[PDB]
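Here the structure is laid out as structure tokens; the discussion comes afterwards.
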Amino acid sequence: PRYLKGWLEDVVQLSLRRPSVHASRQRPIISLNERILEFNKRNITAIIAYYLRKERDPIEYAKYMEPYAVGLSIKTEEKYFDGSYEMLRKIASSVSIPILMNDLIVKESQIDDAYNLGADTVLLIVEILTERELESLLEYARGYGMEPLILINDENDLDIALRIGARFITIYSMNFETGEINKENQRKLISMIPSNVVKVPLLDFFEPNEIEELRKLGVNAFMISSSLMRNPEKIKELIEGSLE
Numbered sequence: 003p004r005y006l007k008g009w010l011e012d013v014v015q016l017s018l019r020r021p022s023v024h025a026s027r028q029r030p031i032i033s034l035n036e037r038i039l040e041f042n043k044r045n046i047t048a049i050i051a052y053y054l055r056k057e058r059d060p061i062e063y064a065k066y067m068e069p070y071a072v073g074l075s076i077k078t079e080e081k082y083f084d085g086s087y088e089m090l091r092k093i094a095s096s097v098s099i100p101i102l103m104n105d106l107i108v109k110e111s112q113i114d115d116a117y118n119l120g121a122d123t124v125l126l127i128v129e130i131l132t133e134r135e136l137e138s139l140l141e142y143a144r145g146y147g148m149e150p151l152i153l154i155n156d157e158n159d160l161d162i163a164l165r166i167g168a169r170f171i172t173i174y175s176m177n178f179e180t181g182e183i184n185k186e187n188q189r190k191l192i193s194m195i196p197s198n199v200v201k202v203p204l205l206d207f208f209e210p211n212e213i214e215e216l217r218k219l220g221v222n223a224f225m226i227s228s229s230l231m232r233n234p235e236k237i238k239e240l241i242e243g244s245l246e
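So this is what it looks like as structure tokens:
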């Protein structure tokens, strides 16, 4: 990885030391980005349900979101989010929709864990990896049949991601030291992405109007965290018309 400081470097060193799992995956890969493509052709609003334990139960949240979300994001970082590989494994073997393993992935054995635990794709972060490392892990994920979700926070991230051939990009526009999502630069970054790349902004809190606005910006799917954890029912109004 790159040399970083503070809590990022703490997590990165923990991820480097993360022991591999010895599970064997018990179902095929349900590709997240292809399912977003299918949702797009059918004009179905594609919502990725962003789950992090630290507060609802992981299985309950996953079963609830299964009929409505285009896929789940499961944070498996253990220290600052209290995720776990076993939690992801229980989730993947009980829901039928794609599972994104959300973690700080810095080594190939983490992608091996993801594949072996039932996850369908992985998150790769331009800011923590060298450009060649990111290219290597992107190609490595593809060899498993996983098109990974490439996280960009700024313009330089995006140009690295486009240069190395990312086709699945999530726009956080987030400062990891604070956790604040700058929605304006997020909108600008979304505009800078070619149309042929599946682009997915992260929205912690949202109002129903800004989803239609981002939809006008050409967004393929929405990863929503905090709002859907506080009110899971909010996803229904996003993906279907009301009968009442």
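Every number in this note's numbering is 2 more than the matching position in the sequence shown, counting from 1.
Ideal Cβ positions, reconstructed from N, Cα and C, are used throughout, including at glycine.
- Shortest Cα-Cα distance from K81 to any of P234, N35, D122, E11 involves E11.
- For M67, the uninterrupted alpha helix (DSSP H) run begins and ends at 60-67, by DSSP.
- Each residue's CA atom was taken as its position, placing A163 and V128 some 7 Å apart.
- Distances from the CA of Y53 to each of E214, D206, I195 were compared; the closest alpha carbon is that of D206.
- The count of Cβ pairs closer than 8 Å, one atom from the stretch 140-154 and one from the stretch 24-38, reaches three, so the stretches are in contact.
- Under the Cβ criterion (8 Å, minimum of three pairs), the stretch 72-92 counts as touching the stretch 104-115.
- Beta-carbon to beta-carbon, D115 and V14 are separated by about 16 Å, too far to satisfy the 8 Å threshold.
- Sequence-distant partners of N155 (beyond 5 residues in either direction) whose C-beta falls short of 7 Å from its own C-beta, in its chain, are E129, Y174, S175, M176.
- In the DSSP assignment, the residues bridged to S75 are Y52, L102.
- Checking the DSSP bridge columns, you'll see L126 partnered with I152.
- Note: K201 is bridge-paired with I171 in the DSSP secondary-structure output.
- Under the rule that a run must span 4 or more residues, the alpha helix (DSSP H) segments found entirely inside the stretch 173-241 read 185-193, 210-218, 228-232, 236-241.
- In the three-state reduction of the DSSP assignment, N42 falls in the helix class, which pools H, G and I.
- Cα atoms of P21 and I113: separation of roughly 12 Å, rounded to the nearest angstrom.
- If you ignore the 5 residues before and after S17, its C-beta comes within less than 6 Å of the C-beta of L106, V108, all in its own chain and listed in chain order.
- Between the alpha carbons of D122 and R37 lies a distance of about 11 Å.
- Under the DSSP assignment, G145 falls in the alpha helix (DSSP H) whose first and last residues are 133-145.
- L164 carries a helical assignment under DSSP once its states are collapsed to helix, strand and coil.
- Taking C-beta atoms as the reference points, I76 and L90 count as a pair closer than 7 Å.
- In the three-state DSSP reduction, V23 falls in the coil class, being neither helix nor strand.
- Scanning its chain for C-beta atoms nearer than 8 Å, with the 5 sequence neighbours on each side dropped, one finds around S26 the residues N118, in chain order.
- Judged by beta-carbon spacing, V202 lies within the 7 Å limit of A223, meaning their Cβ atoms are closer than that value.
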